[PDB]
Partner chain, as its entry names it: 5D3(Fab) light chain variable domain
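Presented below, as structure tokens, is a lone chain in the form solved without its partner chain.
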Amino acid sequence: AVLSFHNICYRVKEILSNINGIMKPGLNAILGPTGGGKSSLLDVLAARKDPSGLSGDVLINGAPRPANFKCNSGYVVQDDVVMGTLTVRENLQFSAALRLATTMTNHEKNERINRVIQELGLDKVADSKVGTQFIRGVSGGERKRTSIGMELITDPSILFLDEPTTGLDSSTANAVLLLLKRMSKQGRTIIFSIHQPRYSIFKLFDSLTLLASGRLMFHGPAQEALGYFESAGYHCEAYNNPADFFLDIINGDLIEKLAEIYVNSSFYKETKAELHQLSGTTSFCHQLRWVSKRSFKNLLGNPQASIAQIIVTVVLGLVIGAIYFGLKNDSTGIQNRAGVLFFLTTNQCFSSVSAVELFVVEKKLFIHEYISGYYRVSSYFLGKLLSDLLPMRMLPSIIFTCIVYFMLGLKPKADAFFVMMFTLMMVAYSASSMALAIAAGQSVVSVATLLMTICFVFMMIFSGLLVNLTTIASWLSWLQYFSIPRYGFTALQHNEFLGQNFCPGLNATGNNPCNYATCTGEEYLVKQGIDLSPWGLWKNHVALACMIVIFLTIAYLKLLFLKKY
């Protein structure tokens, strides 16, 4: 596996100049200051970057680079994206099930997993929970070892890291670079950038590249990496770090005069002499079923924002049941009976912000797993919102309805239960999908100010219970069609107020000089301005379903049109 590249003048203003070199099958490194091309040449050498502004020729083993390159390579990204709620073995089982083909068997796949575990030396922590400095089960070094082990299951013939030392102890950094030299002895070429190395980890490198501010300063083996600058008139001082001295040369202790010495060097010509000789998946159900399993296990790992929602739903169910237990077929009736229906509708207004972060907390993981070819965007999307839907959208409406009707008995049908439970599910899931679509990239004040403004306007003002909607002039009355709880309130009124008279032998209908001698619900739905046909019960459900589809399409398009490079 010989990765090669030639004159890659990457421009987005010209962040890389003309650059060429050959990545021999060893422990190739890329050094330099942070603002240079140390992290950009690595993304150019992987895909990891907009291929439009390349203007170069990256080439593997003589042939140019395929589009099927991120599926056969491996990019261990810098910030550890590994799941800090799963164990090591069920991180690697996940990556095995989504990177290895389904044609092979679970027996062979688990042999591959424990082969990688015994290779990387993870066996004493092969069932502890990985941590992210959130819940402590592993070290930092074994966490980095898991991030390396995930991109080894596919057996990559060419492996990319991205600063595999930063944020670590020097003992763990020396141990992980010794791990890379151990795993590099199978011919597996390893290419990485490093921030501020030391002379301990410098004999490890088979070849060495060095970029500064977009220019190439050196590309050759480390045994004459010092000899180049010792040929250019500089002197390595006594007991001085050479890798740090490479930076002390290029910080001014100009760079246009320092770059050209490599242009007229000997390794420029020897590199170009070989370089011109070189130049002349998985089924959808499987990805859905594994993403949903991973998110279920993550939700069991962090059940703190979910049992909080279950606790508040039980407390709200008990409170609204106790308030509604004091409502009978009496004179103190319909005006508070229409208040408890609004409470039943908007009982899940608090839980809408719990799904504001569903594709935001793991987006550095989503971008990496998508462009490494694990799953599709639609598959990740459906597998994630099939994992928030069951225990955080459908379950609290189940337990809220079974707590409300435990403190009750109003229409014994066992179908008013089902249509109420479906209405609460539709209202809760519609408001939660609105919080997915409308609020994604915002702060801690802005998300809650936004979701309380569209709790003011579209739940208290326009979902008309305390201003009658057929008095507003017809340029502000149209905003009642955008409000979630008006549909749920209408669908619960149409289920509550059908047939019952609420006045046991006290009609008094016909008191014309008086006011409001009307008590039945059939002459209350027309006063509220809502339908009486059975289409008037399901018009609200089809409107909420249209809102769910539109908000989930906005939440899907915000995932599809994400800069994944």
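We call the rigid core the largest set of C-alpha positions that still match within 1.5 Å between the two forms. Residue numbers count along the first chain shown, from 1.
The discussion below concerns the form deposited with its partner chain bound, not included here.
Mapping the unseen interface onto this chain, residue 532 counts among the residues with a heavy atom inside 4.5 Å of its partner chain in the deposited bound form. Its partner chain in the deposited bound form is not approached by residue 55, whose heavy atoms all lie more than 4.5 angstroms from it. At a distance threshold of 4.5 angstroms between non-hydrogen atoms, residue 67 is out of contact with its partner chain in the deposited bound form.
At the 4.5 Å threshold, heavy atoms of residue 63 stay clear of its partner chain in the deposited bound form, well away from it. Applying a 4.5 Å heavy atom cutoff to its partner chain in the deposited bound form picks out no residue from 89-112. With the rigid core aligned between the shown form and the other one, the listed residues 387, 207, 93, 346 include just one Cα displaced by at least 2 Å, namely that of 346. The Cα position of residue 266 differs by less than 2 Å between the shown form and the other one after fitting on the rigid core. For residue 541, the Cα coordinates differ by 2 angstroms or more between the shown form and the other one after the core has been superposed. Fitting the two forms on the rigid core leaves the C-alpha of residue 331 displaced by at least 2 angstroms between the shown form and the other one.
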